[PDB]
Amino acid sequence: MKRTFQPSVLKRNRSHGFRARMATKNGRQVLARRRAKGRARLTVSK
Amino acid sequence: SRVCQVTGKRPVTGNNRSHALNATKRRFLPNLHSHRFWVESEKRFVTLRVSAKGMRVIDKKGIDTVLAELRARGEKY
Amino acid sequence: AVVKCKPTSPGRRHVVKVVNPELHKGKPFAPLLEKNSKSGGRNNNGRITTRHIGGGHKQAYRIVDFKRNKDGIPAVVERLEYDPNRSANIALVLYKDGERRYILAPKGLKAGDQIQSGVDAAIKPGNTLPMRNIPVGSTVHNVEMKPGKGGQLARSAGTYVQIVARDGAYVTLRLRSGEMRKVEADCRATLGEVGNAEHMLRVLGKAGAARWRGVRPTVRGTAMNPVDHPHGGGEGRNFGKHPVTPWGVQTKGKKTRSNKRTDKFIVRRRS
Amino acid sequence: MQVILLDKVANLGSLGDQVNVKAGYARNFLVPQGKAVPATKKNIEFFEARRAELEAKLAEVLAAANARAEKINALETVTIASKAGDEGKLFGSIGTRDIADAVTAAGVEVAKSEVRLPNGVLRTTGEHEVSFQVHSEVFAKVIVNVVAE
RNA sequence: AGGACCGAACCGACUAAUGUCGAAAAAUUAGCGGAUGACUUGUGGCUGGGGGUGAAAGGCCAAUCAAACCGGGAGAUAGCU
RNA sequence: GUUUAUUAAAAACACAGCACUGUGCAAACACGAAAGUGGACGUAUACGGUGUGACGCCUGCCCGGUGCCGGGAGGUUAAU
RNA sequence: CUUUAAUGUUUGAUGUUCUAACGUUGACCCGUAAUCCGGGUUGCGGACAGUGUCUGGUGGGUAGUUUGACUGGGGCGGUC
């Protein structure tokens, strides 16, 4: 039974990585929101 | 954008009312056109995206005067 | 030549093949090749704009010289080659100056044939001349819309146009659709008919044949649900509706030409 | 639109008369070509001051020079040898490029836009008449005899 | 030569039994279909919610789909319990 | 061959073939407030839509109604 | 006033021609080792096409909604 999550570091970084968020303004707002909440992990860091 | 380079006219949102007074959002667009104006001061043609009202404004005033105002506005033509 | 293959197995019973013995059995001319990446019917937005496109064999692009601007240079037909991008075969032609080029092959070409372009050219098939110098009533192909554009009419296998009249600076042509169009006399055209006239006799035989030609299955509107197509819905094959396109436009006899710009060049319409 | 006219307009030209004209006509033809200047309560005093007669002679000499130029070649004949086809079907149509260049090299030095062709583009081989307009009121006739080579 | 034949890997899931607080939020055992092709598969891309994709079942779109998920309008409204 | 991943694998869907219809190339059509892109670096022996569904015999009568195509005698008919 | 006609006025529909607006997904040159874009020369269309405001027609392509109660369950029928 193949499950939904099939890990891949390259796909994870290129999809939800820090640079991916900064590319668009919506991603920048995502980072801004999580800085405000004080989350330790801003994004998925390798 | 659909902005006249002389009068600054830009699209403005509004309503359109039917017989039953139903209101739906619409948008009014300026009558923009691309026109080439001959300028004797610089001896060449300048292309401006101007509305019909703006073209009347250019005729009433001078093309040189309008260009000076555009330059003072700070936007390249 | 048309060959009917024996029904050794289902999928071969209805296959009719077209075999051209004089086609080149080898790789094409590399300098005139270019990559042709498939699209699958998607546009720059990534959405499907044309349906039933996708898959198929990889095929490279041959730079076919439609303009034919080499005026005054005699050329010799080296060989004929199969072009995957076209219904008609192409011909590799070597000019007297050492330049090779690809051109559409009319019905009459064969290896070693002589062709010439420009106004100072003969009347044999394969020569390109301005339509002013082409005698009225002759058959031409690869006709130009505008001087130097390149050539857009009668490009498929076994296609041609008729020159019917010449008034002033404009010429009237009868297209394969039965429509009469008025074209400038300065436009060039190629004498003769496009070759491979038997290309229409193939039948492909089975479903896979159309599949690896780049065509995907077509689903009828009735088979779909109401939310997907204007047709569809109901139990037991109910239609009860006028035929329409998937986007609501009424098909099956509704004229969709709305140009008002090129109408001045149209003399008669299709009948 | 009330504008002052400088050049002779064939229909309504009267050397600076306050005559109405379509905005497009003045905007696209007169003003860009210098045939008129928009005057609105400011240039009327100026036109009657320095444009009233000072430029009248300046405008006239241009017509006088044009009249002199079109009589430079008294022969008024143009002969060009072209490798025409067999029994007609001239090699290729020729407009104003070649004929103007040949005339300029040996004949009247004239601009490209001056030459007008009323009989097509010289398709048939033989004698043809070409109307030359060096001025609005000055028309010239030139006979051209293309000879096959 | 073949969308050819028999048959493993591989892909799929026609029948039966077991299992239903299971070993498993669809599996196991014994049979079963395709198996050089309209095949299958690795890696990487593209299409985003009244939209996508669909050899078309209202199927699929992160175990959720006749309109996904998250936050907000929002303490929606509830002549009902 | 494909299909309801997880109760339906089928007569359903697709299919080669057939017919109708649109499209002359700045093509029809589609995605996009637009630019632009696909169709196609193709152009009527081509492309899109629709129905039927290999092959053999074939496919009759009906234009009232609703669509679609063409006409203009006459009537009615908006902004202005 | 009924009946008619020379020149001048408002004229509007129609037709022909022209180029200077405008279009050019025609060719050539330059910015430029650039199928974008811009400028220049020329060709072809040309006051057409196209676009804005207003307006008639079409418009389940899309959207918001409605589609009563009594009733020997409801529906049908009947009644108000």
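The figures here come from the full heavy-atom set of this structure, side chains too, leaving out hydrogens, waters and symmetry mates. Proteins get letters first, then strands, A, B, ... in listed order; numbering begins at 1 in each.
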### Message
Expected output is a numbered-order residue list: members of residues 234-256 of chain C with a heavy atom under 4.0 Å from any atom of RNA chain G. What is it?
### Response
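Correct list: empty, so none.
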### Task
Check RNA chain G against residues 145-171 of chain C and give the residues with a non-hydrogen atom under 4.0 Å, in numerical order.
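Heavy-atom cutoff 4.0 Å gives C:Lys146, C:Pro147, C:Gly148, C:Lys149, C:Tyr170.
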For [X] and [N], what is the distance between atoms [atom1] and [atom2] respectively, to the nearest whole Å?
X: C:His52; N: F:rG38; atom1: NE2; atom2: P; value: 19 Å
X: C:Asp263; N: F:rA28; atom1: CG; atom2: P; value: 12 Å
X: C:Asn225; N: E:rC65; atom1: CG; atom2: P; value: 17 Å
X: C:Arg213; N: F:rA16; atom1: CZ; atom2: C1'; value: 12 Å

Ignoring hydrogens and angles, does a donor from either the side chain of [X] or the base of [N] sit under 3.5 Å from an acceptor on the other?
X: B:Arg27; N: F:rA33; value: yes
X: C:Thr49; N: F:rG38; value: yes
X: C:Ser177; N: F:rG24; value: yes
X: C:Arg176; N: F:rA44; value: no

### Query
Does G:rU16 pair with G:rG31 as Watson-Crick or G-U wobble, both distances under 3.5 angstrom?
no
### Closest-nucleotide 5' rank along RNA chain F - winner of C:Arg181 and C:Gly221
C:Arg181
### Query
Is B:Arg26 close enough and on-axis enough to B:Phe28, meaning under 6.0 Å and within 45°, for cation-pi?
yes
### Message
Using a 6.0 Å distance limit plus a 45 degree cone around the ring axis, check whether B:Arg36 lies over the aromatic ring of B:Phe45.
### Response
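Output yes; distance and angle both within limits.
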### Nucleotide forming a Watson-Crick or wobble pair with F:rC13, both distances under 3.5 Å
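Looking at the geometry, F:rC13 pairs with F:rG1.
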### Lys/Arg N to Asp/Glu carboxylate O, C:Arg268 vs C:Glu179, below 4.0 Å
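Result for this pair is no, no salt bridge flagged.
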### Query
Residues two or more places apart in sequence or in another chain: which of them pass side chain to side chain contact (heavy atoms under 4.5 Å, CB included) with D:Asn28?
B:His35
